[PDB]
Amino acid sequence: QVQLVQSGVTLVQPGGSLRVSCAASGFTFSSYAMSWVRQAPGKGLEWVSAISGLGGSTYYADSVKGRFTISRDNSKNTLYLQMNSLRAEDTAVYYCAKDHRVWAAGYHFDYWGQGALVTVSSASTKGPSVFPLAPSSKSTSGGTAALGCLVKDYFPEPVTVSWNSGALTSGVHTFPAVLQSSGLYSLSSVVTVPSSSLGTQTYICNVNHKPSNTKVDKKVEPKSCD
Amino acid sequence: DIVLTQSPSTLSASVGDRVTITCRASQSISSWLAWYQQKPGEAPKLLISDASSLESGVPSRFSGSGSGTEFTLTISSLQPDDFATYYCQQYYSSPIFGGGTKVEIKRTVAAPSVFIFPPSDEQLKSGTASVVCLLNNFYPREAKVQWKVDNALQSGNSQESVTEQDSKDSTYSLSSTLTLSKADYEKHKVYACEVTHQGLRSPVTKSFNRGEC
Ligand SMILES: [Cl-]
Ligand SMILES: [Cl-]
Ligand SMILES: [Cl-]
Ligand SMILES: [Cl-]
Ligand SMILES: [Cl-]
Ligand SMILES: [Cl-]
């Protein structure tokens with residue numbers, strides 16, 4: 124019955140402004156202080172700000188003090204977070220969190236919202252490059268060979284990677300993306316196959332990046348190397 | 563303001579183990595500490611409040627103890643549903659979280675299979691050279707990957723990515739990607755990936771010669 128309902132993925136430019144919200148129900152909203160807690164990609168939980176039940180007192184982490192404003196509407200049970208002067212390092216999931224107890228002090232959270240990803244970046248939508256990672260003597264360990272596709276320079280996430288339109292799945296590894304210094308993402312998807320049948324089996328990686336309506340089919344062929 | 567430190571940062575446990583996670587505060591917080599559990603793609607879940615008060619619906623398996631600057635979350639006998647990250651959080655002053663402790667699936671040592679990929683000619687036509695070194699199906703996570711070009715140790719021109727533990731075999735896979743410009747890639751001959759892992763009797767080096775590859 125206690126629900127905290129949040130917004131969705133949003134893109135903003137560094138220096139930009141964004142207002143994130145959380146609609147609450149199933150409890151006396153005005154009695155509870157509320158917080159925003161963020162999580163940067165692959166990082167731990169970071170408390171951002173809090174606001175008392177009535178809104179007379181607001182608290183902020185030093186990292187956001189003069190840039191973020193917490194507020195609430197106790198008429199329509201809504202929590203807000205105005206984020207001005209945004210920076211790349213504010214890229215994170217933002218969760219609304221209701222205090223466990225009605226007390227004035229001791230902010231710890233019994234219910235959480237599903238989170239809202241806020242991405243701060245001066246990058247434009249771009250489809251990936253798809254290069255083959257060719258099997259060879261140097262990517263062969265006895266009876267097994269490795270091959271793959273390097274899915275590079277794309278923005279924003281996600282990108283999906285299938286092999287042989289879904290027919291190939293055992294031994295597949297699509298690595299998590301890494302953000303490059305350029306502000307574009309890159310990942311590689313690899314697969315282990317029998318090296319004995321490299322000259323006979325065909326391997327195609329099917330790369331799809333919905334933001335830029337990109338759907339690439341790249342045949343991965345062997346190279347002598349040695 | 564109040565720094566919370568968790569030890570260990572990663573806890574390799576097997577099902578049925580008695581698991582202990584400690585939280586150390588920079589100053590006394592009396593007993594105003596909470597513990598949360600978080601799995602990937604999910605919001606945290608409150609387990610314990612006021613250092614030892616177990617949240618409703620939380621299994622009896624989980625228990626909390628401590629006060630002042632030392633607190634401990636204990637799981638009596640680990641279950642499959644307990645592999646996750648656990649965070650401590652103080653609320654004596656403005657709230658702060660600890661860094662988190664990942665409870666991960668312990669399995670037996672598995673040496674990595676090392677593979678190396680030269681840059682394709684198509685990428686070289688675009689002006690960039692990406693050299694990919696794959697360490698496949700290994701355990702534990704700890705591994706050292708060094709890039710050498712004409713026996714010159716490289717630093718800061720490669721970034722790595724690791725998969726989450728495999729559903730079937732609980733192993734990890736890792737990719738190390740060295741990136742250069744094509745102009746710079748063409749100035750060197752030998753490209754080597756040296757892998758140091760506790761499952762390998764000695765370091766494995768996968769290398770190629772630019773020209774032959
Ligand atoms: Cl109040
Ligand atoms: Cl007030
Ligand atoms: Cl550790
Ligand atoms: Cl997470
Ligand atoms: Cl239990
Ligand atoms: Cl924090």
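Protein chains in written order, with my numbering: chain A, 124 to 349; chain B, 563 to 775.
For every residue, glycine included, the Cβ atom is placed at its ideal position computed from N, Cα and C.
At 8 Å on the CB atoms, spell out the chain B contacts of residue i, in chain order.
i              : result
residue 236(A) : 605
residue 350(A) : Residue 350(A) lies beyond the stretch modelled for chain A, which goes from 124 to 349, so this question has no answer here.
Select from the options the residue whose C-alpha is nearest the C-alpha of residue i.
i              : options                        : result
residue 135(A) : 245(A), 204(A), 231(A)         : 245(A)
residue 712(B) : 769(B), 602(B), 738(B), 566(B) : 769(B)
residue 726(B) : 745(B), 744(B), 667(B)         : 667(B)
residue 142(A) : 149(A), 207(A), 184(A)         : 207(A)
residue 649(B) : 730(B), 569(B), 706(B)         : 569(B)
residue 257(A) : 321(A), 239(A), 176(A)         : 321(A)
residue 732(B) : 692(B), 701(B), 647(B)         : 701(B)
residue 580(B) : 609(B), 763(B), 665(B), 565(B) : 665(B)
residue 688(B) : 259(A), 239(A), 275(A), 248(A) : 275(A)
residue 337(A) : 181(A), 192(A), 252(A), 217(A) : 252(A)
residue 241(A) : 343(A), 163(A), 335(A)         : 163(A)
residue 598(B) : 616(B), 591(B), 564(B), 748(B) : 616(B)
Can you pull the chain B residues whose beta carbon is under 7 Å from the beta carbon of residue i, in chain order?
i              : result
residue 167(A) : 649, 659, 661, 662
residue 298(A) : 723, 725, 737
residue 182(A) : 656
residue 256(A) : 679, 694
Could you spell out the range, first to last residue, of the alpha helix (DSSP H) harbouring residue i?
i              : result
residue 687(B) : 683-687
residue 745(B) : 744-747
Tell me whether residue i sits in a helix, a strand or coil according to DSSP, three-state version.
i              : result
residue 699(B) : strand
residue 250(A) : coil
residue 719(B) : coil
residue 691(B) : strand
residue 674(B) : coil
residue 211(A) : helix
residue 172(A) : strand
residue 152(A) : helix
residue 320(A) : helix
residue 336(A) : coil
residue 626(B) : strand
residue 612(B) : coil
residue 642(B) : helix
residue 768(B) : strand
residue 261(A) : helix
What does residue i reach in chain B if we use C-beta pairs closer than 9 Å?
i              : result
residue 218(A) : 605, 606
residue 223(A) : 596, 608, 611, 617
residue 170(A) : 651, 656, 657, 658, 659
residue 282(A) : Within chain B, no residue comes near residue 282(A); the closest Cβ sits about 13 Å away, beyond 9 Å.
How is the beta strand (DSSP E) around residue i delimited, first residue to last?
i              : result
residue 583(B) : 581-587
residue 297(A) : 295-297
residue 127(A) : 126-129
residue 726(B) : Where residue 726(B) is concerned, there is no enclosing beta strand (DSSP E), given that its DSSP letter is neither H nor E.
residue 286(A) : 283-286
residue 271(A) : 267-277
residue 159(A) : 157-162
residue 595(B) : 595-600
residue 239(A) : 239-243
residue 568(B) : 566-569
Name, please, each residue of chain A whose Cβ falls closer than 9 Å to the Cβ of residue i.
i              : result
residue 594(B) : 228, 229, 231
Starting from the beta carbon of residue i, find every residue of chain A whose beta carbon is closer than 7 Å, and list them in chain order.
i              : result
residue 698(B) : 269, 315
residue 770(B) : 261, 348
residue 564(B) : By Cβ distance, chain A contributes nothing, its closest Cβ being about 11 Å from residue 564(B), past 7 Å.
Mind pulling the chain A residues with CB within less than 8 Å of residue i?
i              : result
residue 688(B) : 252
Quick one: residues with CB closer than 5 Å to any heavy atom of ligand 2, in chain order, please.
That query returns the following residues: 177(A), 179(A).
Within 7 Å of ligand 3: residues by beta-carbon to any heavy atom
One residue after another in chain order, those with a Cβ under 7 Å from a heavy atom of ligand 3 are 569(B), 570(B), 571(B), 572(B).
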